[PDB]
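To start, the structure under review is shown below, and the notes come after it.
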Amino acid sequence: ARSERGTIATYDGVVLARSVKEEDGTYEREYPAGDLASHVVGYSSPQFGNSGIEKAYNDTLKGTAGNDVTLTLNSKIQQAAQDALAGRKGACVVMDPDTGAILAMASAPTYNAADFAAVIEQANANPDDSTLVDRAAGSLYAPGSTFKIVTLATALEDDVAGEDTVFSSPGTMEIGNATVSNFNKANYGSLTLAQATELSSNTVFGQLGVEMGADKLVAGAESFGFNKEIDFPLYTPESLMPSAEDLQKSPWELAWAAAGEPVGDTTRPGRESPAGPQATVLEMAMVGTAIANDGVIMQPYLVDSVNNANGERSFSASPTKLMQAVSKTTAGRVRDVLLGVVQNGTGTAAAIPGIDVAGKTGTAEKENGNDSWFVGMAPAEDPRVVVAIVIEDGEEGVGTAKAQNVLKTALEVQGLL
Ligand SMILES: [Mg+2]
């Protein structure tokens with residue numbers, strides 16, 4: 001109450017939170033950037049406590065004045081991510097695949113950071129109001145066909161199949177005594193594995209899952225970070241995969257997991273492992289960074305530096321490897337297939353004039369619609385940016401269309417456009 005709490009600002013210097021000395025010599029917290037990165041910045045209140053960065057870095061911010069925290073976020077990329085989600089429910093994460101730095105992290109619906117108290121009040125009055133939910137880091141989603149990046153990468157790494165391997169792609173087929181179906185039950189005839197990735201065929205990926213088997217599929221997902229607790233300053237639930245033991249018992253569950261749908265029956269007493277895959281948007285961005293960065297996932301980070309009131313520097317982020325998902329050769333082969341998705345497949349809306357874009361579209365099944373996903377990277381040959389976006393209950397392909405705008409803004413900011 002008595003001393004100046006430190007500021008929180010973006011990497012390009014937009015102040016998200018600061019303390020100003022009042023009339024009576026007291027200090028009050030100000031949030032002068034409207035709804036820019038609201039969920040990330042969080043709030044600090046003697047009534048409501050803390051959340052976001054205000055919570056995670058409370059000790060350094062509190063402090064003699066407290067220390068100033070500089071985030072990795074770029075305000076223009078952050079705004080583009082928020083604009084992509086405007087009027088929708090969902091989330092968007094933009095990362096630098098070479099460092100793990102988070103350039104944008106947005107959730108929708110959102111709110112003005114300054115108005116956190118009123119928003120908390122509304123949440124209490126209406127348990128259905130989900131504005132305060134951190135969807136980018138804090139929520140698990142079914143990734144749907146975006147997860148095929150993991151299945152494909154695993155199949156190539158383990159030599160289960162190659163890009164040229166041919167699979168039947170019927171509209172529906174029985175696997176493990178129930179049905180796996182292509183989107184809209186489309187019959188594509190025989191497809192190479194590359195073509196099946198371009199068209200996003202569930203029946204091909206289901207068969208590929210059964211062929212590789214539960215042990216390999218689960219190990220492959222774990223190589224990309226599933227079932228690992230990943231350290232992060234904001235609450236991030238562990239992304240989940242079933243045990244190999246559970247998937248072994250149901251070829252149908254295995255086939256759907258390979259296609260990104262978590263169909264494991266968790267209503268069944270006695271089930272030992274979770275349904276999966278279930279992932280955060282951050283995790284799906286990390287999957288993208290593995291493909292972009294020669295197979296290596298860098299540790300995601302949000303704080304670039306901390307500086308004292310003196311101006312001196314007490315913390316500087318050091319980009320660091322988290323895990324090697326696949327080999328450099330495998331990553332490159334997958335990246336080439338994902339370029340095909342955008343050039344010739346379901347991802348054409350992600351194309352950007354003058355820069356090659358590679359990525360994977362996703363549809364995740366819901367009762368009366370779908371969640372719409374895109375994970376992609378640009379420039380395709382040596383990416384400088386990765387974007388993951390989910391639009392809940394979205395029109396077909398909307399995730400890809402919105403990702404285009406976010407990627408374009410990132411490339412403009414970086415000078416490539
Ligand atoms: Mg074969």
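Ordered as shown in the structure tokens, chains take letters A, B, and onward, while each chain numbers its residues from 1 and ligands are numbered from 1 in the order shown.
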
Polymer residues at most 10 Å from residue 34 in chain A, only C-alpha atoms, same-chain spacing of 3 or more positions, as a list in words: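 Residues meeting the cut-off are residues 16, 31, 37, 38, 111, 112, 113, 114 and 115 of chain A.
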
Go ahead and save the residues from that selection, with C-alpha atoms, as a PDB file, in the first residue's frame.
ATOM      1  CA  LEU A  16      -0.004  -2.757 -19.230  1.00  0.00           C
ATOM      2  CA  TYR A  31      -4.245  -0.578 -16.271  1.00  0.00           C
ATOM      3  CA  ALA A  37      -3.378  -8.937 -23.040  1.00  0.00           C
ATOM      4  CA  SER A  38      -5.847  -8.715 -20.138  1.00  0.00           C
ATOM      5  CA  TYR A 111     -12.410  -7.438 -20.840  1.00  0.00           C
ATOM      6  CA  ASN A 112     -10.616  -4.212 -20.010  1.00  0.00           C
ATOM      7  CA  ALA A 113      -7.933  -5.017 -17.433  1.00  0.00           C
ATOM      8  CA  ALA A 114      -8.877  -1.905 -15.460  1.00  0.00           C
ATOM      9  CA  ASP A 115     -12.380  -3.291 -14.932  1.00  0.00           C
TER      10      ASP A 115
END

Shell of 12 Å around residue 291 in chain A, only C-alpha atoms, local chain residues under 2 positions omitted, as a ChimeraX atom specification: /A:97-98,149-150,152-154,224,284-289,293-298,324-339,358-360,375-378,380-386

Nearby residues, ligand 1, 10 Å, only C-alpha atoms and all ligand atoms, as a VMD selection string: chain A and resid 159 to 162 165 to 167 207 to 208 211 to 212

Hey, can you spit out that residue selection with N, CA, C and O atoms as a compact mmCIF listing (two decimals), in the first residue's frame?
# COMPACT_ATOMS: atom_id res chain seq x y z
N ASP A 159 9.44 -44.80 -38.92
CA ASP A 159 9.41 -45.53 -40.19
C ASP A 159 8.22 -46.47 -40.30
O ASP A 159 8.32 -47.55 -40.90
N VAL A 160 7.09 -46.07 -39.74
CA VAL A 160 5.86 -46.85 -39.87
C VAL A 160 5.29 -46.71 -41.29
O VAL A 160 4.78 -47.68 -41.86
N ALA A 161 5.37 -45.51 -41.84
CA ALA A 161 4.91 -45.23 -43.19
C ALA A 161 5.74 -44.09 -43.72
O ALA A 161 6.47 -43.44 -42.96
N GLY A 162 5.63 -43.83 -45.02
CA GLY A 162 6.27 -42.66 -45.61
C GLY A 162 5.25 -41.77 -46.29
O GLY A 162 4.08 -42.14 -46.39
N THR A 165 3.28 -43.52 -48.92
CA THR A 165 2.55 -44.75 -48.60
C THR A 165 1.07 -44.56 -48.89
O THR A 165 0.50 -43.56 -48.50
N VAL A 166 0.45 -45.53 -49.57
CA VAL A 166 -0.94 -45.38 -50.00
C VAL A 166 -1.90 -46.04 -49.03
O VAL A 166 -1.68 -47.19 -48.61
N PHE A 167 -2.97 -45.33 -48.68
CA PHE A 167 -4.00 -45.84 -47.79
C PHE A 167 -5.38 -45.65 -48.41
O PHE A 167 -5.61 -44.69 -49.13
N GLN A 207 -6.37 -45.62 -39.61
CA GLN A 207 -5.66 -46.82 -40.01
C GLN A 207 -4.18 -46.72 -39.66
O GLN A 207 -3.57 -47.71 -39.27
N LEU A 208 -3.61 -45.53 -39.85
CA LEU A 208 -2.21 -45.31 -39.52
C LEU A 208 -1.97 -45.49 -38.02
O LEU A 208 -0.99 -46.10 -37.62
N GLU A 211 -1.96 -49.13 -37.30
CA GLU A 211 -0.74 -49.72 -37.82
C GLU A 211 0.46 -49.45 -36.91
O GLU A 211 1.28 -50.34 -36.66
N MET A 212 0.57 -48.22 -36.41
CA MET A 212 1.72 -47.90 -35.55
C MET A 212 1.56 -48.48 -34.15
O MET A 212 2.55 -48.80 -33.50

Shell around range 402-413 of chain A at 7 Å using only C-alpha atoms, local window under 2 positions removed, as a list in words: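 Once the adjacent positions are removed, what remains is residues 77, 80, 81, 84, 349, 350, 351, 352, 374, 387, 389, 398, 399, 400, 415, 416 and 417 of chain A.
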
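Shortest atom-to-atom contact with residue 313 in chain A among A:39, A:68, A:216, A:53: A:68, counting only C-alpha atoms.
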
Contacts of range 111-213 of chain A with range 245-249 of chain A up to 12 Å, shortest pair per row, only C-alpha atoms, as a tab-separated table:
residue	atom	partner	partner_atom	distance
A:176	CA	A:249	CA	9.4
A:177	CA	A:249	CA	11.9
A:209	CA	A:247	CA	10.3
A:210	CA	A:248	CA	9.4
A:211	CA	A:248	CA	11.9
A:212	CA	A:248	CA	11.3
A:213	CA	A:248	CA	7.6

Picked from range 152-280 of chain A by DSSP as strand (DSSP E), as a PyMOL selection string: chain A and resi 166-169+172-175+178-181+189-192

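The closest residue to residue 140 in chain A, picked from A:361, A:10, A:83, A:90 and counting only C-alpha atoms, is A:90.
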
Shell around residue 121 in chain A at 12 Å using only C-alpha atoms, local window under 6 positions removed, as a PDB file with C-alpha atoms, in the first residue's frame:
ATOM      1  CA  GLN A  47      -9.881  -7.048  -2.199  1.00  0.00           C
ATOM      2  CA  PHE A  48      -9.715  -9.661  -4.962  1.00  0.00           C
ATOM      3  CA  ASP A 115     -12.380  -3.291 -14.932  1.00  0.00           C
ATOM      4  CA  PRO A 127     -21.745 -18.835 -13.262  1.00  0.00           C
ATOM      5  CA  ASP A 129     -20.008 -16.093 -17.737  1.00  0.00           C
ATOM      6  CA  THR A 131     -14.921 -13.996 -19.677  1.00  0.00           C
ATOM      7  CA  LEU A 132     -12.305 -14.510 -16.946  1.00  0.00           C
TER       8      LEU A 132
END
